[PDB]
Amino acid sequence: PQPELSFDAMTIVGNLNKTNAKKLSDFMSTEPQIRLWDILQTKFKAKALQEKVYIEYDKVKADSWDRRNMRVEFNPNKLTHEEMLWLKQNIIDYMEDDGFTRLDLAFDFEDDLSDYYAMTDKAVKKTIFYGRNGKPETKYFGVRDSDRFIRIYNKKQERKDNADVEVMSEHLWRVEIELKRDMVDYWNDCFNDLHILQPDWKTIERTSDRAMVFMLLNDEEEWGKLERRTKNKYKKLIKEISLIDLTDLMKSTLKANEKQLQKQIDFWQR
């Protein structure tokens, strides 16, 4: 099936007038439905819309480092159009120099991806959480504080664990692609290096090759020991080996929805 695609988090950074700082700070105090703390004239913090939006202002940090002085954070999938309009009119519009600092792509699949092998052709860090079973439940590729980070994990299990309403599907896995700083502008093709695979090594006829791969695919630590020219050889081979690569479906769904998603972004920037 085609995976559902959506933005899953958005950060927006901007700068705020002396006049507007207060104006906005003033406004917020009057509304009991917003939660205010860490207040000074140069500082404030806030959560709004039943704690779905984080809002932070700090000028002295902003002056200390040559940066923008207000962030707004939230997940658009959990906001109501009504709400989105409220937030734009009452917060975002009053920011200047405003743009995106974060942007997350969420591909939901109704398959089980435990059984796929997820890989980057690039030489980066990883993290794997295994279940009691010895099988993987959550995978991270890259590091969170970076231009690009990827999670692949069992959404069903994660939703169940979070006491969310249970799901009609028998399997549900997400593939989240966190784009920060300048990478946000390339969201429409950000999983070029990424592949989600599953091959059948038997059908291959070179013997040492098959062993070597089989090991790489069954002890992730063994990548750590391999010479760099070697790493590339086996990266090549892995990709070269598998029939169905879900990358292709992702790229497709992305293209199919590029225009809507694009509009959805444009909305915030006007």
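One rule holds for the numbers: they count along the sequence shown, beginning at 1.
Going by the mean C-alpha B-factor recorded in the entry, which is higher: 159-167 or 189-197? Comparing averages over the C-alpha atoms only gives 159-167.
If you average the CA temperature factors over each stretch, which comes out higher, 94-102 or 147-155? Higher mean C-alpha B-factor in the PDB entry: 94-102.
Given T247, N257, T11, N15, identify the residue with the highest C-alpha B factor in the PDB entry. When the deposited C-alpha B-factors of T247, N257, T11, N15 are compared, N15 is largest.
Residue, from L216, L40, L237, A48, that the PDB entry assigns the highest Cα B-factor: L40 has the highest C-alpha B-factor of those listed.
When the deposited Cα B-factors of this chain's modelled residues are ordered and cut into thirds, is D111 in the lowest, the middle or the highest one? Its C-alpha B-factor belongs to the highest third of this chain's values.
Among the chain's modelled residues, which third holds the C-alpha B-factor of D58? Highest third of the chain for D58's C-alpha B-factor.
By the record's CA B-factor, is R71 among the lowest, middle or highest third of residues in the chain? Tercile = middle for this residue's CA B-factor.
For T138, does the deposited CA B-factor place it in the lowest, middle or highest third of the chain? Its C-alpha B-factor belongs to the lowest third of this chain's values.
Hey, what third does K225 fall into on Cα B-factor, ranked over its chain? Its C-alpha B-factor, which the entry lists for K225, ranks in the middle third among residues of this chain.
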